[PDB]
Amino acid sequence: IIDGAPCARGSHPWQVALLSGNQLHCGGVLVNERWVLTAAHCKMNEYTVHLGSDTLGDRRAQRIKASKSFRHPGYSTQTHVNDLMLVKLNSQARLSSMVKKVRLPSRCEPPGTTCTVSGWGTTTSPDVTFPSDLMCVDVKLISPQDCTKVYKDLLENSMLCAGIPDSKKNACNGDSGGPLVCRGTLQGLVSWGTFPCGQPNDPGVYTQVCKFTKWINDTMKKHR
């Protein structure tokens, strides 16, 4: 997260990180006691999942292994269309004050909407700086018509764009797969943008979650 600030404590209880060892690989969100949603480009053979603390490495955090994960079948490695994946926890998260399910959307929030994206990703770019503390930053949804001016053929109608005009405020390496939430609901998963991070007027791009709820529900149901 570039040009952001520490998340207020205990207010991102649905945020997780996917770790490789004790090293951050991706962000993600808790859908339920069994499942984490995150980006497809985070796929690994095995994951260690951190839940229930704004601070990485916290004594109080839960660490659960996840040995199985399920990418959206329409995911493209070449173009990153359909960049989402469900991650099955090897055991059920203990829900608590610091561990809640995210509110999945029932609606696509429109352009102009104010959102918060959260993550333990680099706070600088290209020179990297990693925070223990979960960082948050507010951006507005940006219309396909506006975002296509910048990115053209790269965009799908299931990708959602967000930023602030003339603003470095954005996500970055480590934030991948993590929550963009707007008006209480999960509206995006951090997918891609430009390098280095935080170039003014290059919006961050997100998997638009409101277009994949059927898949998310069917897949959890199918893999009960």
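For every residue, the number given is its place in the sequence shown, counted from 1. We call the rigid core the largest set of C-alpha positions that still match within 1.5 Å between the two forms.
Root mean square Cα distance to the shown form, taken over structures and residues in 8 other deposited structures of this protein after a core fit, is higher for 57-65 when 43-51 and 57-65 are compared. For the pair 101-109 and 116-124, the mean Cα B-factor is higher in 101-109. Of the two segments examined, 5-13 and 203-211, it is 5-13 that shows the higher average Cα temperature factor in the deposited entry. Comparing the C-alpha B-factors of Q187, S191, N45, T38 in the entry, the top value falls on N45. Placement of the Cα temperature factor of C197 within the chain: highest third of the modelled residues, per the deposited record. In the deposited entry, the Cα temperature factor of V49 sits in the middle third of values across the chain's modelled residues.
Looking at the C-alpha B-factors along this chain, the one for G27 belongs to the lowest third. In the deposited entry, the Cα temperature factor of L89 places it in the middle third of its chain's modelled residues.
Ranked by Cα temperature factor within the chain, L134 sits in the lowest third according to the deposited record.
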